[PDB]
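Secondary and tertiary structure notes
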Amino acid sequence: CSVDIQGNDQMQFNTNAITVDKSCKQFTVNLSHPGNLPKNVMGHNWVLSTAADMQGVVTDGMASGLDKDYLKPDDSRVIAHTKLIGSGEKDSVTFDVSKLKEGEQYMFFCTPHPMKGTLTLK
Ligand SMILES: [Cu+]
């Protein structure tokens, strides 16, 4: 009931797709950042929302800026998120798998960078 994911200096996640076993009551993502660039210039976060909500999350996050991890505080669209990390740093996030609803489309993404993928219940 976890997955390790990396974001690198070339604005790439190392996976495009996360699957969550329905046996899991909670799920944990462990984000890391191979490379050499620091947070203030190539910081990554890992953020989960519905596909429909992603654009607003990104837009409001960019408006909120670096010190708020490029996320709007208390954004109710955000199901789960990590903090922003620079190279060598790590953050994990855990969420309640019962927040994932039947028939909904979930996406994960970094807010400052064009990096995204799908999250699916197995
Ligand atoms: Cu990023």
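**Topic: the coordination of the copper ion**
Tetrahedral coordination by four donors sets the ideal angle at the metal to 109.5 degrees; octahedral coordination by six donors sets it to 90 or 180 degrees. Taken together, the protein ligands of the copper ion are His44 (ND1), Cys110 (SG) and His113 (ND1), with distances of 2.1 to 2.2 Å. Each donor residue of the copper ion belongs to the same chain, and together they define the spacing H-x65-C-x2-H. In this pair, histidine 44 is assigned in the loop between α1 (39-42) and β4 (47-50) and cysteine 110 in strand β7 (residues 106-110), connecting sequence segments 66 residues apart. This pair shows no difference in class: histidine 44 is buried, exactly as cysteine 110 is.

**Quick look at the packing of aromatic side chains**
Scanning the entire structure with this criterion turns up three aromatic pairs. Here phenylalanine 13 and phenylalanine 108 contribute two aromatic rings whose centre-to-centre distance is 5.5 Å and whose plane-to-plane angle is 65 degrees, an arrangement assigned as edge-to-face. Of this pair, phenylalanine 13 sits in the loop between β1 (2-6) and β2 (17-20) while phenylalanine 108 is found in strand β7, placing the two residues 95 residues apart along the sequence. Just as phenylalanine 13 is buried, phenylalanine 108 falls in that class too. Ring plane angle 55 degrees and centroid distance 6.0 Å describe the contact between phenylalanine 27 and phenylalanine 95, whose orientation is recorded as tilted. Linking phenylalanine 27 in strand β3 (residues 26-32) with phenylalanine 95 in strand β6 (residues 90-96), this pair joins segments that are 68 residues apart in sequence. Judged by relative accessible area, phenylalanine 27 falls into the buried class, the value being 2%.

About the criteria used
- Residues numbered from 1 in each chain as written, not as in the entry; some residues may be left out.
- Heavy atoms only, no water.
- Residues with missing side-chain atoms left out of burial classes, pairs and counts.
- Donors = N, O, S within 2.8 Å, 3.2 Å for Na, K, Ca; no water.
- Helix = DSSP H or I, 4+ residues; strand = E, 2+ residues; numbered from the N terminus.
- Buried < 20%, exposed > 50% of the residue type's maximum accessible area, 1.4 Å probe, protein only.
- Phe/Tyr/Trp six-rings, centres within 6.5 Å; stacked < 30°, edge-to-face > 60°.

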